[PDB]
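First the structure, in the form of structure tokens, and then the observations on it.
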Amino acid sequence: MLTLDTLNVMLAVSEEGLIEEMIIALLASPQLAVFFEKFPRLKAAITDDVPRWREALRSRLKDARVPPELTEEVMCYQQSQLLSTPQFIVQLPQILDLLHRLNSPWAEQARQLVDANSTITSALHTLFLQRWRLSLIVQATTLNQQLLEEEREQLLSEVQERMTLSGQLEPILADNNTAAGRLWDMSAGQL
């Protein structure tokens, strides 16, 4: 079962910036939307709840699996390095047929790529994985955009639950993960 944490490995990206968009997604959701207007003081809690949504998605990448669409994006990618050079030539227009089947954007690019060079010895095979790798990062923007919409619903019941803190406060435990990074420098000279 293809798990969601694979995206962190195969793209080498961090979740934190995408989790920030997920904060905006929740602050836009109808539950929090009405809560902010109806409770102009109590909203300060759930607007401060930014590093809490972090731990929700940080667990969820390990727990949850990939979207049904994304499944074939990552599987065709990882299959191409298992697909050895003699087998890769004859099953070349077949993996291209798979891309065209789903209507994935890699269908058009990989088609032109193999029309550019059908004499795949080593160079194109390497470029096939790399060209899709970079293209899958900017595509994962949309794939994980659909994720943050679905997951929003689940943790929406979770955030309206914790909303008890603004009416009969009863607390729960949570991790504090501070990304500590700084290097000041001012090496300059002027006469």
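Chain labels follow the order of the structure tokens: the first chain is A, the next B, and so on; residue numbering restarts at 1 in every chain, and ligands are counted from 1 in their shown order.
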
All alpha helix (DSSP H) residues (DSSP, backbone) inside stretch 83-141 of chain A, as a ChimeraX atom specification: /A:85-90,92-102,106-116,123-141

Restricting it to N, CA and C atoms, dump the selection as a short mmCIF file (atom, residue, chain, number, x, y, z; two decimals), in the first residue's frame.
```cif
data_model
loop_
_atom_site.label_atom_id
_atom_site.label_comp_id
_atom_site.auth_asym_id
_atom_site.auth_seq_id
_atom_site.Cartn_x
_atom_site.Cartn_y
_atom_site.Cartn_z
N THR A 85 17.12 -2.23 -19.01
CA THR A 85 17.31 -1.66 -20.36
C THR A 85 16.73 -2.51 -21.54
N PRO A 86 16.90 -3.90 -21.60
CA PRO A 86 16.27 -4.71 -22.68
C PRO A 86 14.72 -4.67 -22.63
N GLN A 87 14.19 -4.71 -21.40
CA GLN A 87 12.74 -4.73 -21.14
C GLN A 87 12.14 -3.31 -21.32
N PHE A 88 12.99 -2.28 -21.11
CA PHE A 88 12.57 -0.87 -21.14
C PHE A 88 12.27 -0.42 -22.58
N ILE A 89 13.03 -0.96 -23.55
CA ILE A 89 12.88 -0.61 -24.98
C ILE A 89 11.52 -1.10 -25.52
N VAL A 90 11.24 -2.39 -25.31
CA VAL A 90 10.03 -3.04 -25.84
C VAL A 90 8.76 -2.60 -25.07
N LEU A 92 8.67 0.40 -23.62
CA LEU A 92 8.73 1.88 -23.69
C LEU A 92 7.36 2.49 -24.09
N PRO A 93 6.75 2.12 -25.28
CA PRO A 93 5.49 2.77 -25.72
C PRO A 93 4.27 2.24 -24.94
N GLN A 94 4.52 1.24 -24.07
CA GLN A 94 3.51 0.65 -23.19
C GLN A 94 3.38 1.46 -21.89
N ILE A 95 4.52 1.90 -21.31
CA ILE A 95 4.50 2.78 -20.12
C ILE A 95 4.00 4.19 -20.55
N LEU A 96 4.31 4.57 -21.80
CA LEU A 96 3.77 5.80 -22.44
C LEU A 96 2.24 5.70 -22.61
N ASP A 97 1.76 4.50 -22.99
CA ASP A 97 0.32 4.19 -23.12
C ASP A 97 -0.39 4.28 -21.75
N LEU A 98 0.34 3.91 -20.68
CA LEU A 98 -0.16 3.98 -19.29
C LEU A 98 -0.39 5.45 -18.88
N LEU A 99 0.58 6.31 -19.24
CA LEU A 99 0.53 7.76 -18.96
C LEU A 99 -0.66 8.41 -19.68
N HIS A 100 -0.85 8.00 -20.95
CA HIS A 100 -1.94 8.48 -21.82
C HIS A 100 -3.32 7.99 -21.30
N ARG A 101 -3.32 6.78 -20.69
CA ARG A 101 -4.53 6.17 -20.10
C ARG A 101 -5.11 7.04 -18.98
N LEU A 102 -4.24 7.40 -18.02
CA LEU A 102 -4.63 8.23 -16.86
C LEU A 102 -4.88 9.69 -17.30
N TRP A 106 2.71 13.93 -17.89
CA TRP A 106 3.97 13.28 -18.28
C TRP A 106 3.82 12.49 -19.60
N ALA A 107 2.55 12.21 -20.01
CA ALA A 107 2.24 11.54 -21.29
C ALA A 107 2.81 12.32 -22.50
N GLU A 108 2.51 13.63 -22.53
CA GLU A 108 2.88 14.53 -23.64
C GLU A 108 4.41 14.74 -23.71
N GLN A 109 5.01 15.01 -22.53
CA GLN A 109 6.44 15.34 -22.42
C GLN A 109 7.32 14.12 -22.72
N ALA A 110 6.96 12.96 -22.14
CA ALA A 110 7.70 11.70 -22.33
C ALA A 110 7.55 11.19 -23.77
N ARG A 111 6.40 11.49 -24.41
CA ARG A 111 6.16 11.12 -25.82
C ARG A 111 7.14 11.87 -26.72
N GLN A 112 7.19 13.21 -26.56
CA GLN A 112 8.11 14.07 -27.32
C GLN A 112 9.59 13.69 -27.05
N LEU A 113 9.85 13.26 -25.80
CA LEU A 113 11.19 12.85 -25.33
C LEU A 113 11.68 11.61 -26.10
N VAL A 114 10.79 10.61 -26.26
CA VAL A 114 11.12 9.35 -26.96
C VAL A 114 11.04 9.50 -28.49
N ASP A 115 10.30 10.54 -28.95
CA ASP A 115 10.29 10.95 -30.37
C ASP A 115 11.56 11.73 -30.71
N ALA A 116 12.17 12.36 -29.68
CA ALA A 116 13.46 13.07 -29.80
C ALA A 116 14.61 12.06 -29.93
N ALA A 123 21.41 7.58 -21.37
CA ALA A 123 21.18 9.03 -21.15
C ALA A 123 19.69 9.37 -20.95
N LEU A 124 18.83 8.93 -21.89
CA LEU A 124 17.39 9.25 -21.88
C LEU A 124 16.70 8.58 -20.68
N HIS A 125 17.12 7.34 -20.34
CA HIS A 125 16.54 6.59 -19.20
C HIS A 125 16.76 7.37 -17.89
N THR A 126 17.97 7.90 -17.71
CA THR A 126 18.33 8.74 -16.56
C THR A 126 17.48 10.04 -16.56
N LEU A 127 17.39 10.67 -17.74
CA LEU A 127 16.65 11.94 -17.94
C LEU A 127 15.13 11.70 -17.80
N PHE A 128 14.67 10.46 -18.04
CA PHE A 128 13.24 10.09 -17.96
C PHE A 128 12.77 10.20 -16.50
N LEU A 129 13.60 9.67 -15.60
CA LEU A 129 13.35 9.70 -14.15
C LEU A 129 13.50 11.12 -13.58
N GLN A 130 14.53 11.86 -14.05
CA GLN A 130 14.85 13.20 -13.54
C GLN A 130 13.84 14.27 -14.00
N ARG A 131 13.42 14.16 -15.27
CA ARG A 131 12.50 15.13 -15.90
C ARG A 131 11.11 15.01 -15.26
N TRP A 132 10.74 13.76 -14.92
CA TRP A 132 9.48 13.48 -14.22
C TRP A 132 9.59 13.87 -12.73
N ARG A 133 10.78 13.67 -12.14
CA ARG A 133 11.04 13.98 -10.71
C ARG A 133 10.75 15.45 -10.39
N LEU A 134 11.34 16.35 -11.20
CA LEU A 134 11.17 17.81 -11.04
C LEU A 134 9.71 18.23 -11.38
N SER A 135 9.15 17.59 -12.43
CA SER A 135 7.78 17.84 -12.91
C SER A 135 6.74 17.35 -11.88
N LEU A 136 7.12 16.37 -11.06
CA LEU A 136 6.24 15.76 -10.05
C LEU A 136 6.17 16.66 -8.81
N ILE A 137 7.23 17.47 -8.57
CA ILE A 137 7.25 18.44 -7.44
C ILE A 137 6.17 19.52 -7.65
N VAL A 138 6.24 20.18 -8.82
CA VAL A 138 5.31 21.24 -9.22
C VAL A 138 3.88 20.68 -9.45
N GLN A 139 3.80 19.38 -9.80
CA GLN A 139 2.51 18.67 -9.94
C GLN A 139 1.94 18.29 -8.56
N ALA A 140 2.85 17.98 -7.61
CA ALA A 140 2.49 17.58 -6.23
C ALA A 140 1.87 18.75 -5.46
N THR A 141 2.14 19.97 -5.95
CA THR A 141 1.44 21.18 -5.51
C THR A 141 -0.10 21.00 -5.62
#
```

Nearby residues (only C-alpha atoms) at most 12 Å from residue A:49, same-chain spacing under 2 positions excluded, as a PyMOL selection string: chain A and resi 20+22-24+26-27+32+42-47+51-56+159+162-163+165+174+176

What would the file look like if the residues just selected were written as a PDB file, in the first residue's frame with C-alpha atoms?
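File written: selection.pdb
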```pdb
ATOM      1  CA  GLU A  20       1.140  26.992   6.108  1.00  0.00           C
ATOM      2  CA  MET A  22      -3.292  24.267   5.223  1.00  0.00           C
ATOM      3  CA  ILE A  23      -3.534  26.941   8.035  1.00  0.00           C
ATOM      4  CA  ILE A  24      -5.172  29.359   5.500  1.00  0.00           C
ATOM      5  CA  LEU A  26      -8.756  25.929   7.876  1.00  0.00           C
ATOM      6  CA  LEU A  27      -9.028  29.713   8.544  1.00  0.00           C
ATOM      7  CA  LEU A  32     -13.651  28.541  11.698  1.00  0.00           C
ATOM      8  CA  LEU A  42     -11.897  33.603  21.320  1.00  0.00           C
ATOM      9  CA  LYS A  43     -10.681  33.347  17.662  1.00  0.00           C
ATOM     10  CA  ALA A  44      -7.174  34.376  18.949  1.00  0.00           C
ATOM     11  CA  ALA A  45      -6.755  30.750  20.216  1.00  0.00           C
ATOM     12  CA  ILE A  46      -7.382  29.007  16.846  1.00  0.00           C
ATOM     13  CA  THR A  47      -5.406  31.720  14.915  1.00  0.00           C
ATOM     14  CA  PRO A  51       2.077  24.913  14.934  1.00  0.00           C
ATOM     15  CA  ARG A  52      -0.674  22.441  16.101  1.00  0.00           C
ATOM     16  CA  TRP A  53      -1.902  21.814  12.461  1.00  0.00           C
ATOM     17  CA  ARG A  54       1.807  21.010  11.784  1.00  0.00           C
ATOM     18  CA  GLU A  55       1.697  17.838  13.972  1.00  0.00           C
ATOM     19  CA  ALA A  56      -1.622  16.827  12.312  1.00  0.00           C
ATOM     20  CA  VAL A 159     -10.337  21.593  15.658  1.00  0.00           C
ATOM     21  CA  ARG A 162     -10.353  21.520  20.685  1.00  0.00           C
ATOM     22  CA  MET A 163     -12.620  24.661  20.394  1.00  0.00           C
ATOM     23  CA  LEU A 165     -10.577  25.753  25.037  1.00  0.00           C
ATOM     24  CA  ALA A 174       1.195  18.484  21.803  1.00  0.00           C
ATOM     25  CA  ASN A 176       6.770  21.925  20.221  1.00  0.00           C
TER      26      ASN A 176
END
```

Selection near stretch 65-75 of chain A, 7 Å with only C-alpha atoms, sequence-local residues under 4 positions removed, as a list in words: residues 2, 3, 4, 79 and 143 of chain A

Among listed residues A:180, A:57, A:76, A:172, nearest residue A:17 (using only C-alpha atoms):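 Going through A:180, A:57, A:76, A:172 one by one, the smallest distance to residue A:17 is for A:57.
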
Contacts of residue A:25 at 12 Å (only C-alpha atoms; same-chain gap of 3+ positions) as a short mmCIF file (atom, residue, chain, number, x, y, z; two decimals) with C-alpha atoms, in the first residue's frame:
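Just written: result30.cif:
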```
data_model
loop_
_atom_site.label_atom_id
_atom_site.label_comp_id
_atom_site.auth_asym_id
_atom_site.auth_seq_id
_atom_site.Cartn_x
_atom_site.Cartn_y
_atom_site.Cartn_z
CA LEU A 18 2.46 23.37 2.51
CA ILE A 19 1.21 23.15 6.15
CA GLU A 20 1.14 26.99 6.11
CA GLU A 21 -1.34 26.85 3.14
CA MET A 22 -3.29 24.27 5.22
CA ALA A 28 -11.22 29.79 5.35
CA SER A 29 -13.32 26.63 6.24
CA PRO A 30 -17.03 27.45 7.25
CA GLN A 31 -16.51 26.10 10.84
CA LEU A 32 -13.65 28.54 11.70
CA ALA A 33 -15.12 31.21 9.34
CA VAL A 50 -0.74 27.38 13.60
CA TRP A 53 -1.90 21.81 12.46
CA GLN A 145 -3.76 20.62 -2.65
CA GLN A 146 -6.51 17.97 -3.09
CA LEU A 147 -5.05 16.22 0.03
CA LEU A 148 -5.29 19.36 2.26
CA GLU A 149 -8.99 19.70 1.19
CA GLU A 150 -9.86 16.05 2.16
CA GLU A 151 -7.73 16.03 5.35
CA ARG A 152 -9.20 19.49 6.23
CA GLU A 153 -12.57 17.75 6.83
CA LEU A 155 -9.01 17.59 11.34
CA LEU A 156 -12.01 20.05 11.06
#
```
